[PDB]
Amino acid sequence: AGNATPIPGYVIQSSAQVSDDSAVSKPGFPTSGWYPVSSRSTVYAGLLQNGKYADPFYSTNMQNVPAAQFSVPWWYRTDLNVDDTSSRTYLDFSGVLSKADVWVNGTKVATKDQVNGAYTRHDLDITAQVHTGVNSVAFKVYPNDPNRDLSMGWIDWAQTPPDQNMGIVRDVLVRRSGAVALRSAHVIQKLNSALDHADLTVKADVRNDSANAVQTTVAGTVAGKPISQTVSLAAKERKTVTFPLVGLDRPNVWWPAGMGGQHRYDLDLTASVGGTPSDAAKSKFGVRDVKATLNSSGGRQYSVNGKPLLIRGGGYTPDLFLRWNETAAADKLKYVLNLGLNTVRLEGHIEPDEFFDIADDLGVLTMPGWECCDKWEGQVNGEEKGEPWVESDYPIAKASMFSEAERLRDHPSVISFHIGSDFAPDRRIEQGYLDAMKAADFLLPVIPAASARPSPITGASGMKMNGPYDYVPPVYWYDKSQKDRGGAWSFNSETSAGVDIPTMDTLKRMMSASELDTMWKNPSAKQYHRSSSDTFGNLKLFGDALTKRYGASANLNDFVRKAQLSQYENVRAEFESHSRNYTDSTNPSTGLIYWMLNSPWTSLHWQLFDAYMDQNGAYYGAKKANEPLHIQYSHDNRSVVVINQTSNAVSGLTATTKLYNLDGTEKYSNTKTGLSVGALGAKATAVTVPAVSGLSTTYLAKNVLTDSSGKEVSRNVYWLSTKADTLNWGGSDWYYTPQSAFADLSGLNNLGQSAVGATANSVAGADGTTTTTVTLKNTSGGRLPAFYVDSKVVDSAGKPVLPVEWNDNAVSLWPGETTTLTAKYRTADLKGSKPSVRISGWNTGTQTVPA
Ligand SMILES: N[C@H]1CN2CC[C@H](O)[C@@H]2[C@@H](O)[C@@H]1O
């Protein structure tokens, strides 16, 4: 008694092949030719699992899937054994897209009118229907239409999954307990402002589902303190048990990564009846305080544990077909940290519990909320996809808020819930959301929208969604003059410069030779792996600025090499600008969510890391920007700026800024010593680079930060032009601002050959990981830097070992200079091969060294 076991898997088939719905869940039902699938599968995932269609990640494979078959229901069916019918039996689940009939042993226990909406939780007492031995359960899962159903959809991020994700994407728990069922155990936690004392209020529901009145004792531990309450329950009665306040002295406060540890406490409760355990629940919570208030400029400002914070993050997405794997979730979040980011946004598609656990454990902050552009906003978004709400929609959306509030309330990573995205909810829908949260004791900041749209009750959003979402040059980010644009000011909830060409290794796995030929030759042509949206269907704006700024592409390799430079440069400036302006007295930047962190699939835009966890110019660019102790060059005013992200003020820093023509001639040098800079996003200005006579059209700026012990702590190399990027502001659309003039960076085409310079070694650790160390030296006999040198852990065939975490990469080294790099990865991902390192540079060619 106190049992909860996930159904491990099902066999599935279309309802096309089922003429008697009641037959499915009778024990002995034949399933010849049904598809075996693991827990958490959409129909199409399940069919991929059985190898029924080709790899959707490659080319247009996904188009060749007949989608008609997903406009009818599919059954999810499994046996369940019950050795003893002393215990009551429950199905507890969520994640049904879009709705389902639930059947046990030939009886319909619930219909799609009740079991409706992806986020709604259901706790079905199936005691009457369960017998000794073999029992069976079947879900008739109805088709998903994200515009019709309070569910999940893909907006314009990728292309539409053939099944629109229908199926059961979270676990179904089979629960067993006595007369009393224990549900919804949480801990309300309140930290004093000094962070040295907390008050914990444990609440938990007991439900008596027996025929007779009972006395139940709910007892156990919170944070290692004993607790006990005894209440009476009438037959069929459910109560909320509030426990007396527990004081917790000098708590182990949960902090964001790099600000402290990520301790979580345990709540462990047993409901007993008649001196015997009836049900039990274990959970965790973190002791932490969060706020998100409007500053004096109307900007939404977050703080954790009293500490103000520039949110620096990206929009997280799951797999396009909602295929779940815990390790991969963890790898994805681990990359957030490798990037130097502190936050991920979840525009809908809110992930299963474990994702929040991992987030908690690693100290990555999360911004979950509902999504735009479909049913969720169908009642306030007018002409945009998403159907106006009917009366039955209201209780489903309210039940969805409650369920999520309940799942999410105790995860310290969560800093807010967005109740709208593009459109704030109206007063009726908003009251529904506030009531649901109140009832779940969900006490986090509620943000009305991610755009500037206010809601009637909560009010101003303190954010903006002004774009861009496609190509803009670096200096665009430094704008504070255009208040309908996406410059570094207020809270940038979702923005990027669009196209993000992945590594050549990802390219070759995701597109044909012909597809790739077209991409570089005709950026204007439609690419299946960008977007279903006509607006983001092609790479025209990107191709156009690429040619203009770096020069026309001679071939695929040329296109890709320049693509990476552009993405690095662009993403770098996007974050750097927001970091700099965070400490403006007037309209500070309070947030940045890059659009996006990752893609749901193999893609050509809106990503820092690709679907295979490979790392390109955009990744390395985000990583440079987000260094904890960082030196940066402002593209607007040519000031060299030091940013300290750490939880401690730093002193005795020197900032060295040097300019070089492409022939290697130093044309400017400045050394600023004894720099202090405060903690947590504060900045300091080293120098403003003056205009310098005699710079080559394309030149380099070498920015170096060294601490008091002389250690180089940040190195930052910019390829700059004597010719400015300038904006045609009045030509701005919602998704970009075109350029009145373009920079000339094409000199890189003729940057002379340098050389490197490489040694490598690997240690297999006892923790299951290998650390490959690589020493790079510029070994040339001249004056030329080894520019943009990318190191890759590869196996013996030269295929990248992924996921991987480097301390630094994409380095530039001047003659004689040396750097030592560290790469870490699971030993098992070598798949038995010895490790090597592939080293390629803009002007140093490609070599691979054993390691
Ligand atoms: N929140 C929305 C806001 N949209 C504005 C432009 C783009 O369609 C973007 C969506 O990707 C995103 O999902």
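Read the numbers this way: they start at 1 and go in the same order the structure lists the ligands and their atoms. The figures here come from the full heavy-atom set of this structure, side chains too, leaving out hydrogens, waters and symmetry mates. Residue numbers run from 1 in the order of the sequence given.
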> Would you mind writing out the side-chain donor-acceptor pairs for residues 442-457 within the sub-3.5 Å range, not counting sequence neighbours?
from: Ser451; atom 1: OG; to: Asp422; atom 2: O; distance (Å): 2.8
from: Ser451; atom 1: OG; to: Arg453; atom 2: N; distance (Å): 3.1
from: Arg453; atom 1: NH1; to: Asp422; atom 2: O; distance (Å): 3.1
from: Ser455; atom 1: OG; to: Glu430; atom 2: OE1; distance (Å): 3.4
from: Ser455; atom 1: OG; to: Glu430; atom 2: OE2; distance (Å): 2.5
from: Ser455; atom 1: OG; to: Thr458; atom 2: N; distance (Å): 3.3
from: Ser455; atom 1: OG; to: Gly459; atom 2: N; distance (Å): 3.3

> Over 60° means perpendicular and under 30° means parallel, so tell me whether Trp601 and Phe57 are parallel, tilted or perpendicular.
perpendicular
> Which residues pass the ring pair (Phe, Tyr, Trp, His ring centres under 6.0 Å) test with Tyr619, sequence neighbours left out?
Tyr335
> With no hydrogens and no angle check, just 3.5 Å: does a side-chain donor-acceptor pair link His605 and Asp500?
no
> What residues form a ring pair (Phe, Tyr, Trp, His ring centres under 6.0 Å) with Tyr612, not counting sequence neighbours?
none
> Note every protein N or O atom lying under 3.5 Å from an N or O atom of ligand 1, pairing the names and giving the distance.
from: ligand 1; atom 1: 1 (N); to: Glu347; atom 2: OE1; distance (Å): 3.0
from: ligand 1; atom 1: 1 (N); to: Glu347; atom 2: OE2; distance (Å): 2.6
from: ligand 1; atom 1: 1 (N); to: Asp422; atom 2: OD1; distance (Å): 2.9
from: ligand 1; atom 1: 1 (N); to: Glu494; atom 2: OE1; distance (Å): 3.1
from: ligand 1; atom 1: 1 (N); to: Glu494; atom 2: OE2; distance (Å): 2.4
from: ligand 1; atom 1: 8 (O); to: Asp156; atom 2: OD1; distance (Å): 3.4
from: ligand 1; atom 1: 8 (O); to: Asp156; atom 2: OD2; distance (Å): 2.5
from: ligand 1; atom 1: 11 (O); to: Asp156; atom 2: OD1; distance (Å): 2.8
from: ligand 1; atom 1: 11 (O); to: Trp157; atom 2: NE1; distance (Å): 3.4
from: ligand 1; atom 1: 11 (O); to: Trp595; atom 2: NE1; distance (Å): 3.1
from: ligand 1; atom 1: 13 (O); to: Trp157; atom 2: NE1; distance (Å): 3.1
from: ligand 1; atom 1: 13 (O); to: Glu347; atom 2: OE1; distance (Å): 2.7

> Under 3.5 Å, is there a donor on one side chain and an acceptor on the other for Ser481 and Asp479?
yes
